[PDB]
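Below you will find one chain, with nothing else, as structure tokens; this is the form deposited in one PDB entry, and questions on how it binds or moves follow later.
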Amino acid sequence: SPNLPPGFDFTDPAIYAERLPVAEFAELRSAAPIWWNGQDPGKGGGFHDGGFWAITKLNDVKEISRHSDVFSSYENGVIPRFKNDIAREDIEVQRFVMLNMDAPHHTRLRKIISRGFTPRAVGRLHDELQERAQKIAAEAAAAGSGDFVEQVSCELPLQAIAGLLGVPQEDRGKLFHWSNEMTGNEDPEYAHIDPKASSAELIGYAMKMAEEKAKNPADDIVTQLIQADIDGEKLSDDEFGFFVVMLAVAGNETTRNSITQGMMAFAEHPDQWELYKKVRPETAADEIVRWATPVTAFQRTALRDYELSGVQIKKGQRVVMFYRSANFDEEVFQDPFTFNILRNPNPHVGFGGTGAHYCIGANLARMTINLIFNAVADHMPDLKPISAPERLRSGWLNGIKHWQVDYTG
């Protein structure tokens, strides 16, 4: 038995509203790397199966991720915590995004979606996102101080999605609003926000975009997705709507929280910040993602009995891959608790473990991170925090809602 308080639940949103449970994860890696996380009736975050297996070692996370034939994303979705009284149908509706599908449905969709994340398509966004990163930093600097999350972290990830999809500038304001309103629904600051209605408006806008491109096909990603190839595979209008919802959801808070927590790490380690401003190493992005681990945990469901590192996982049981624990696995990383922007190799699982569902936007995220921190170094090299950050109440997402900083220093 690990040295934990009785009834500790690693998906408890009340934990992450206050802290990352780093020491509790380290105790599991030390005394029980695969530990049954029991859950009382009605306190399962929408799941009523009694609990889950906490997966805390990077090797075990990687094994689950590559064995998608056994560990299903579709059965219960990949998000391990919602509001306790969520209806089952609201969990299953997530199966319309490819993140919560299994093969062969997932395989078909990913093949089509791959057209949109080719090195070409992502690389073609570099110039506009650099210009936007410089403009964001310059505006924050001119403001002198403010909420780093809103003034520096929030916009560039949304502009990457907008620039990727070819969204007209006049529409990006409401698009960003809908994308942000699907967020942090478990936090009291956003308790009055309806993520269902926001998704419907995203789907409506996306489907109209697909209808415009059906009559006006140009050379852009959206056309390539809604244009049938030789084998006739393509995104239907509604599937494109679900793809945009996925991007607006997947490519938003995660990159944002990487930027905020990366700057928090720089503030806590000024020697690393001084090093970054001089050298600007591209390895910084991956260490920032390891340190930030924006997705604390995703889950899978065992479709058959499976033995994982001497532990018998039974059919139907959930496994929760705690990336936050794996990214600080003492047996994998040299000095895991050291923030080292020059860390290489850096085999973190912040983008998930290698497998069918590995983050398709990983290189877009790295580019966004590298560009915004170059802009921060260019325009506010002496920025200093004003007060402590406010964390997001979530059982699986690692979010910073607000962080007051002084750009002038």
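The first residue of the shown sequence is 1; numbering continues from there. If you superpose the two forms and keep the largest set of C-alpha atoms that fall within 1.5 Å, you have the rigid core.
A second form of this protein, the form deposited in another entry, is not displayed here; the remarks below concern that form.
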Core-fitted Cα difference of 2 Å or more between this form and the one not shown, single residue among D231, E170, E307, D85
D231
Does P195 move its CA by 2 angstroms or more between this form and the one not shown when the core is aligned?
no
Is there a C-alpha shift of 2 Å or more at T183 between this form and the one not shown once the rigid core is superposed?
yes
Quick read on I230 and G123 CA atoms in the other form, 3 Å or more from the shown distance, and they're closer
